[PDB]
Amino acid sequence: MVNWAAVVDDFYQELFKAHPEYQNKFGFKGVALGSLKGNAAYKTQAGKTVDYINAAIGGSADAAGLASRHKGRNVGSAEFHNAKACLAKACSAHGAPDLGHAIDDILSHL
Ligand code: HEM
């Protein structure tokens, strides 16, 4: 089985390194990147992201509902363009399958 938990950990490392102001919208605001793996708010967020990935691949993901929830946090197209790039880098690092089609489905509702 693909280790998506390892992929997701690398994705958040990439996203907040390049766009640290995005981290301000989360319950782990202000926590050093090298301390995220022991942080409770981060472990919850990471688990929900792994879940969405396994739902997208297994065929049950609700992209419209995820997009609507991101609009409700004032998170939109520009942020997801950035995320697509960061997640491609994380997948490559681990020899895991590309997830670009899943991200495009979210963008179609933004
Ligand atoms: C690979 C792209 C992304 C995926 C797959 C993803 C997935 C998720 C999921 C599954 C949730 C939980 C929704 C729920 O509980 O119903 C969530 C919440 C959230 N996302 Fe994203 N997300 C992505 C990118 C982003 C980006 C770029 C931002 C920019 C700041 C962002 C900001 C947030 C915030 C603020 C929440 C709410 C967290 C909280 O409840 O404290 N997300 N996301």
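Rules used in this analysis
Residues numbered from 1 in each chain as written, not as in the entry; some residues may be left out. Heavy atoms only, no water. Donors = N, O, S within 2.8 Å, 3.2 Å for Na, K, Ca; no water. Helix = DSSP H or I, 4+ residues; strand = E, 2+ residues; numbered from the N terminus. UniProt positions renumbered as here; feature names shortened; annotations may be inferred. Contact = heavy atoms within 4.5 Å. Polar contact = N/O pair within 3.5 Å; in protein donor to acceptor, adjacent residues only side chain to side chain. Buried < 20%, exposed > 50% of the residue type's maximum accessible area, 1.4 Å probe, protein only. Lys, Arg positive; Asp, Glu negative; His and termini not counted. Salt bridge = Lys/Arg side-chain N within 4 Å of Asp/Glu carboxyl O. Disulfide = S-S within 2.5 Å.

- Regarding how it was determined, this PDB entry cites X-ray crystallography in its header, along with a resolution of 1.90 Å.

A few points about the coordination of the iron atom of the ligand
- Coordination of the iron atom of the ligand by the protein involves just one donor, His-70 (NE2), at a distance of 2.2 Å.
- Turning to its location among the elements, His-70 is positioned in helix α3 (residues 63-71).

As for the UniProt feature "binding site: heme" in the protein chain
- In the UniProt entry, the feature "binding site: heme" is given for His-70.
- Leaving out residues up to four positions away in the same chain, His-70 has contacts with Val-75 and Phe-80.
- A distance of 2.9 Å separates the side chain of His-70 from the backbone oxygen of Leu-66, its partner in a polar contact.

A short note on the side chain of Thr-49
- Take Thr-49: it is sitting in helix α2 (residues 40-58).
- When residues no more than four places from it in sequence are discounted, the contact partners of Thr-49 are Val-8 and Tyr-12.

Thoughts on the side chain of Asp-9
- As for its position among the elements, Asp-9 is in helix α1 (residues 4-18).
- Buried and unpaired, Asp-9 has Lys-37 as its nearest opposite-charge partner, separated by 4.6 Å.
- Side chain to side chain, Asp-9 and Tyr-42 meet in a polar contact 2.9 Å long.

Digging into unusual backbone geometry
- Its identity as a non-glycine residue notwithstanding, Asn-74 has a phi of 60 degrees, on the positive side.
- As for its placement among the helices and strands, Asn-74 is situated in the loop between α3 and α4 (77-94).
- Judged by its relative accessible area of 64%, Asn-74 falls in the exposed class.

Comments concerning the state of the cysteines
- Across all of its chains, the model carries 0 disulfides by this definition.
- The structure places no disulfide on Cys-86, whose sulfur is separated from the nearest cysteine sulfur, that of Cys-91, by 11 Å.
- Using a relative accessible area of 8% as the deciding quantity, one classes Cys-86 as buried.

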